[PDB]
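**Student:** Next up is a structure, given as structure tokens.
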Amino acid sequence: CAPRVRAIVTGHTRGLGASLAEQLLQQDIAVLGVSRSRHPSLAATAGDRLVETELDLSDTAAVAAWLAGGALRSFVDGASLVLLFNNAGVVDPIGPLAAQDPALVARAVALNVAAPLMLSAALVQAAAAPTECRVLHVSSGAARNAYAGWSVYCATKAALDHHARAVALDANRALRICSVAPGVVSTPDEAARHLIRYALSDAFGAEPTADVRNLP
Amino acid sequence: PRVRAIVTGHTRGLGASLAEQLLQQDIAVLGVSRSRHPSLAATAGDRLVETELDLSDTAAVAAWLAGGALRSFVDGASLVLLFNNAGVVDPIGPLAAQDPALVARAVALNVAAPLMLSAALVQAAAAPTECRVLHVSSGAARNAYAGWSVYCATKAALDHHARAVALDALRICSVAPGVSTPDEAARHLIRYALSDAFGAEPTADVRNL
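In structure tokens, the structure reads:
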């Protein structure tokens with residue numbers, strides 16, 4: 006007699022993820038919490054309606070292996086509606102390029118981009134008809150506005166926004182997606229010729245984005 | 008030489024054209040790809056250095072950047088160009104069709120590697136060396152296309168990375187080549235997620251519906 010509406014919340018042990026998991030369970034929506042640790046106390050309040058998975062979502066090999074296993078399919082089996090809250094994320098490494106550890110950059114991209122995109126695909130593939138899926142990427146104002154020191158975070162949340170825009174154009178069975186800011190935190225030779233000319237030009241860098249077809 | 012360039016994915020396509028033409032205008036090239044270019048090193052002499060590195064293996068990339076190869080290549084240069092060209096378009100298709108393992112590989116190659124190399128280049132170049140980072144982007148970074156959600160996401164990340172880096179001896183551009223409290227926030231997000239309007243817009247902000 007499991008709840009028919011169910012939700013997956015990544016990073017459910019603190020912050021927004023904890024508030025999401027707590028309120029979903031209050032409203033009789035089952036929650037699969039996916040985090041490196043467990044929620045301090047929600048299990049004692051919510052009982053077996055909370056399922057907690059210990060997973061490092063920044064380890065994409067571990068994520069793929071967990072997704073190749075049956076835990077997600079077991080959780081969504083028989084549901085009418087499954088919500089995925091892609092909430093887990095990190096803002097580190099903060100600072101300009103000169104301050105960023107490449108290993109921390111990789112970890113942020115894996116957690117903030119690879120895991121939401123992998124979990125979105127896996128949920129749709131685990132949910133058999135007639136289950137409906139709703140994917141909510143937790144985005145940021147930083148996905149749409151650039152901020153000094155936050156180039157890594159900005160990059161990762163911009164990815165989630167554009168993922169949603171493109172998924173929305175696909176022919177999906179029963180899928181809704183949205184990337185939501187929460188308020189808290222030519223030949224190759226021809227193309228190469230143009231890119232090199234632009235890269236060497238005095239004007240290079242005047243604007244942060246460009247398209248070679250606009251270049252005189 | 009005084010001007011040097013790093014080209015990822017230099018063994019074919021646009022990357023090969025970049026490497027060949029840079030060599031033609033007296034610029035030293037470090038090619039970084041899983042294998043070597045099929046013929047370039049024969050004609051290039053000491054002006055081409057080729058690193059065999061799987062740019063989708065972020066552990067291997069971090070370890071390579073932890074060594075002295077990049078610092079040794081840019082040592083003494085007056086200008087270093089980084090062409091973040093390597094990328095994959097797979098997996099193509101809707102969410103129901105995408106192998107999560109291939110999703111991970113695309114994000115690692117298309118996003119992690121350019122961002123890691125960009126940071127490492129700035130750190131490896133001592134003054135007064137100038138650095139120029141060019142992310143190879145796409146119209147798909149700015150326009151959405153059915154079937155291309157993974158590629159779209161990855162190139163949009165490169166655009167916004169460049170916008171933020173620009174706000175921080180460095181020039182950067184992402185160039186398409188032509189080919222409240224937590225409890226309150228949670229309350230608003232859950233209501234929105236359950237609402238009939240959910241998904242009508244692909245992006246939203248809790249501050250405005």
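Just so you know, the sequences run in chain order A and B.
When you line the first sequence up against the entry's author numbering, it's residues 6 to 190, 222 to 252, in that order.
When you line the second sequence up against the entry's author numbering, it's residues 8 to 175, 179 to 189, 222 to 251, in that order.
C-beta: ideal position from N, C-alpha, C; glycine also.
Could you say which of B:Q31, B:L30 and B:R41 lies nearest to B:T18 if we only look at CA atoms?
**Tutor:** Residue numbering aside, residue 18 of chain B sits at position 11 when the second sequence is read from its first letter. Per the Cα distances, B:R41.
**Student:** Between B:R112 and the rest of its own chain, which residues show a CB-CB distance below 6 Å, the 5 nearest in sequence each way excluded?
**Tutor:** The residue given as residue 112 of chain B occupies position 105 in the second sequence. Correct list, in chain order: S63.
**Student:** Which partner residues of B:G38 appear in the DSSP bridge assignment?
**Tutor:** The residue labelled residue 38 of chain B in the question sits at position 31 within the second sequence. DSSP, once it has assigned bridges, lists B:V14 and B:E57 as partnering B:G38.
**Student:** Give me the residue from B:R181, B:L122, B:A171 and B:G38 with the minimum Cα distance to B:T136.
**Tutor:** Position 129 of the second sequence, counted from the first residue, corresponds to residue 136 of chain B. Ranking the options by Cα distance to B:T136, first place goes to B:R181.
**Student:** Which of the residues in the region 101-120 of chain B, read from start to end, lie with their CB under 9 Å from any CB of chain A?
**Tutor:** Result list: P101, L102, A103, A104, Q105, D106, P107, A108, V110, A111, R112, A113, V114, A115, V118, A119 and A120.
**Student:** Applying the 10 Å Cβ sphere with the 16-neighbour rule, what's the burial state of A:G16?
**Tutor:** If you number the first sequence from 1, residue 16 of chain A lands on position 11. Result: buried.
**Student:** Which residues, in chain order, does the region 147-160 of chain A contribute to contact with chain B at a C-beta distance below 9 Å?
**Tutor:** Answer in chain order: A147, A148, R149, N150, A151, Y152, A153, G154, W155, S156, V157, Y158, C159 and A160.
**Student:** Write down the C-beta distance between A:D61 and A:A69 rounded to the nearest angstrom, noting that I regard them as a contact closer than 8 Å.
**Tutor:** As a working mapping, residue 61 of chain A is identified with position 56 in the first sequence. As a working mapping, residue 69 of chain A is identified with position 64 in the first sequence. Contact doesn't hold; Cβ gap of about 12 Å is too wide.
**Student:** Compare the C-beta of A:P8 against all C-beta atoms of chain B and say whether one is closer than 7 Å.
**Tutor:** Counted from its first residue, the first sequence places residue 8 of chain A at position 3. Judged by the 7 Å Cβ criterion, A:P8 is not in contact with chain B.
**Student:** Measure from the C-beta of A:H168 to each C-beta in chain B and report whether the shortest distance is under 7 Å.
**Tutor:** Along the first sequence, one-based indexing puts residue 168 of chain A at 163. It does: the Cβ of A:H168 has a partner Cβ on chain B nearer than 7 Å.
**Student:** On the premise that B:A93 lies in contact with B:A120, defined as a C-beta separation below 8 Å, what is that separation, rounded to the nearest angstrom?
**Tutor:** Walking along the second sequence from the start, residue 120 of chain B turns up at place 113. Walking along the second sequence from the start, residue 93 of chain B turns up at place 86. That pair is a contact at about 7 Å.
**Student:** Taking the alpha carbon of A:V248 as the point to measure from, which residue in B:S79, B:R54, B:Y158 and B:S144 has its own alpha carbon closest?
**Tutor:** Stepping through the first sequence from its first residue, residue 248 of chain A is reached at position 212. The candidate whose alpha carbon is nearest that of A:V248 is B:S144.
**Student:** Just the Cα atoms here: how many angstroms apart are A:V87 and B:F90?
**Tutor:** Start at 1 with the first residue of the first sequence, and residue 87 of chain A comes out as number 82. Start at 1 with the first residue of the second sequence, and residue 90 of chain B comes out as number 83. Distance between the alpha carbons of A:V87 and B:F90 is about 42 Å.
**Student:** Of all the options B:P98, B:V96 and B:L128, which has the alpha carbon lying nearest to the alpha carbon of residue 217 of chain B?
**Tutor:** Between 189 and 222, chain B has no modelled residues, which means residue 217 of chain B does not appear in the coordinates.
**Student:** Here's the rule I'm using: 16 or more other beta-carbon atoms within 10 Å means buried, otherwise exposed. How should A:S79 be labelled?
**Tutor:** Residue 79 of chain A sits at position 74 when you count from the first residue of the first sequence. Exposed.
**Student:** Need the endpoints of the beta strand (DSSP E) that B:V68 sits in, please.
**Tutor:** Along the second sequence, read from residue 1 onward, the residue named residue 68 of chain B stands at position 61. It is not in any beta strand (DSSP E) - B:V68 instead sits in the alpha helix (DSSP H) that spans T65 to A73.
**Student:** Within the 7 Å Cβ cut-off, does B:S222 reach chain A?
**Tutor:** As a first step, residue 222 of chain B must be located in the second sequence, where it is residue number 180. Yes, B:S222 lies at the interface with chain A (some Cβ there is under 7 Å from its Cβ).
**Student:** If you reduce the DSSP assignment to three classes, tell me which class A:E137 lands in.
**Tutor:** Position 132 of the first sequence, counted from the start, is the residue given in the question as residue 137 of chain A. A:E137 falls in the strand class under three-state DSSP.
**Student:** Could you say which of B:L29, B:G20 and B:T65 lies nearest to B:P45 if we only look at CA atoms?
**Tutor:** The residue given as residue 45 of chain B occupies position 38 in the second sequence. Checking every option, the nearest Cα to that of B:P45 belongs to B:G20.
**Student:** Just to confirm the assignment, what range does the beta strand (DSSP E) spanning B:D247 have?
**Tutor:** Locating residue 247 of chain B in the second sequence gives position 205, where the first residue counts as 1. Element bounds for B:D247: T245 to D247.
**Student:** From the DSSP output, which residues share a beta bridge with A:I99?
**Tutor:** On the first sequence, residue 99 of chain A is found 94 positions in, with the first residue counted as 1. A:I99 is not bridged to any residue.
**Student:** Can you pull out the residues from the region 120-137 of chain A whose beta carbon lies closer than 7 Å to at least one beta carbon of chain B?
**Tutor:** Under the 7 Å Cβ criterion, the region 120-137 of chain A contributes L122, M123, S125, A126, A127, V129 and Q130.
**Student:** In chain order, what residues of the same chain have a beta carbon less than 8 Å from the beta carbon of B:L231, not counting five sequence neighbours either side?
**Tutor:** As a working mapping, residue 231 of chain B is identified with position 189 in the second sequence. Correct list, in chain order: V248.
**Student:** Which residue wins for smallest C-alpha separation from B:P8, given the options B:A148, B:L37 and B:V96?
**Tutor:** By 1-based counting over the second sequence, the position of residue 8 of chain B is 1. When only C-alpha atoms are compared, the closest one is B:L37.
**Student:** For B:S237 and B:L251, what's the separation of their Cα atoms in angstroms?
**Tutor:** The count along the second sequence starts at 1 and reaches residue 237 of chain B at position 195. The count along the second sequence starts at 1 and reaches residue 251 of chain B at position 209. Answer to the nearest angstrom: the Cα atoms are 11 Å apart.
**Student:** Pick from B:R43, B:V56 and B:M123: whose alpha carbon is nearest that of B:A12?
**Tutor:** Here residue 12 of chain B is taken as the residue at index 5 of the second sequence, counted from 1. Of the candidates B:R43, B:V56 and B:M123, the one whose C-alpha sits nearest the C-alpha of B:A12 is B:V56.
**Student:** Chain B partners of A:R229, CB-CB under 9 Å?
**Tutor:** Position 193 of the first sequence holds residue 229 of chain A. Here the neighbours are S24 and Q28.
**Student:** DSSP three-state call for A:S24: helix, strand or coil?
**Tutor:** Mapped onto the first sequence, residue 24 of chain A falls at position 19. Three-state DSSP puts A:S24 in a helix.
**Student:** Are the beta-carbon atoms belonging to B:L141 and A:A235 less than 7 Å from one another?
**Tutor:** Reading the second sequence from its first residue, position 134 is the one you call residue 141 of chain B. Reading the first sequence from its first residue, position 199 is the one you call residue 235 of chain A. Contact flag set, yes.
**Student:** What are the partner residues of B:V87, as DSSP defines its beta bridges?
**Tutor:** As a first step, residue 87 of chain B is located in the second sequence; it is residue number 80 there, counting from the start. According to DSSP, B:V87 bridges with B:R11 and B:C138.
**Student:** Which first and last residues belong to the beta strand (DSSP E) in which B:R149 is found?
**Tutor:** Position 142 of the second sequence, counting from 1, holds the residue named residue 149 of chain B. B:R149 -> no beta strand (DSSP E), and no H or E assigned at all.
**Student:** When the Cα atoms are used, what is the spatial distance from residue 214 of chain A to B:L72?
**Tutor:** In the model shown, chain A runs from 190 to 222 with nothing in between, leaving residue 214 of chain A without coordinates.
**Student:** Given that A:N177 touches chain B, what residues does it touch there, using C-beta distances under 9 Å?
**Tutor:** The residue labelled residue 177 of chain A in the question sits at position 172 within the first sequence. Correct list: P101, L102 and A103.
**Student:** Does the contact criterion of 3 or more C-beta pairs under 8 Å hold for the region 102-109 of chain A versus the region 46-54 of chain A?
**Tutor:** Because the criterion of three Cβ pairs below 8 Å is not met, the region 102-109 of chain A and the region 46-54 of chain A do not touch.
**Student:** Who are the near neighbours of B:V96 in its chain, counting only those whose CB is closer than 6 Å to its CB and skipping five residues on each side?
**Tutor:** Residue mapping note: residue 96 of chain B aligns to position 89 of the second sequence, counting from 1. The residues are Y158.
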